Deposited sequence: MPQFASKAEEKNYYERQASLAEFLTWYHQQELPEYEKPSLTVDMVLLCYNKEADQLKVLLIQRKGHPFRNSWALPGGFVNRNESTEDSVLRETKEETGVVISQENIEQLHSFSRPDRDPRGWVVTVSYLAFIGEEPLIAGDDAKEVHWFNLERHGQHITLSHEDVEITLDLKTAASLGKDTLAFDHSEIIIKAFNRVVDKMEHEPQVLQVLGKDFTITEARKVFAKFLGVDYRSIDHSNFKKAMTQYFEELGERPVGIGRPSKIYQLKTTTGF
């Protein structure tokens, strides 16, 4: 060959596949590839919808809260990495039945250290898992609630407020990277899906009563659960449930 491409043209257009791949491997820039997870649980005893956050110790975004997540390994899909990273983080075994790919975040400077693309996922964890204390990391299941077009993620005196329409983060307590966009994407995804695909009810664990399911919907709607008519709820939603069994209240499971 007389130069660079060339060369490029012969291997792509005339050579055999094997011959192409050999030349290809012997030699565009590449991003770091990660996953981030909006892990949702429900605490039946507090009647609280919760989402996991970890404070960064830790420039960039020192003292901002971040979603859990991590690097995708070469031999796994991002779905595989979510199952692995969630187990590492929380100790809970989920399957892909428990996750939903949300959106890929790729603003070239989203991480100012270098080129990092993330594939974000919602995952429904069941009951709130315990965290054994560790001063090396600030990690809590934050209460999640909604008022009108805003959501609040709180833990003690930490209060994070997000606009569901703009993704704007409104208080002194902040989220890292583009995690506020990820979190509202996840919230709005559940809101727009749940009436006709209530996967979100897996936050109730292995079974649920209709009233429990109504409480979950109320949290995402930003209303008092007493204001959701129980009967019209039951009627609309029961085509998605399978009766398990049970003074004793009737229990259900999602069908699939």
| property | result |
| --- | --- |
| Missing stretches, numbered from 1 on the deposited chain sequence and kept in order | 1-3, 31-34, 254-259, 270-273 |
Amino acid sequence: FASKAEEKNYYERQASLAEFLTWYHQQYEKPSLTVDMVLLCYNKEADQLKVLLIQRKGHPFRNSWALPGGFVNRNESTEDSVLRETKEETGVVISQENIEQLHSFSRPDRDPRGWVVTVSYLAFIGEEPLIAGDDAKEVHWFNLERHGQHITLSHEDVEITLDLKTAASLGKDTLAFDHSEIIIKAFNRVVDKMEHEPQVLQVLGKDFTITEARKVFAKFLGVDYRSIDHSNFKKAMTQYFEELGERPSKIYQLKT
From here on, numbers count along this sequence of modelled residues.
query: Record-listed C-alpha B factor of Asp192: chain third; finding: highest
query: Relative C-alpha B-factor of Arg214, binned into the chain's lowest, middle or highest third; finding: lowest
query: Among modelled residues of the same chain, the CA temperature factor third for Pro129; finding: highest
query: Chain-wide C-alpha B factor ranking for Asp224, given as lowest, middle or highest third; finding: middle
query: CA B-factor ranking of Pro108, expressed as a third of its chain; finding: highest
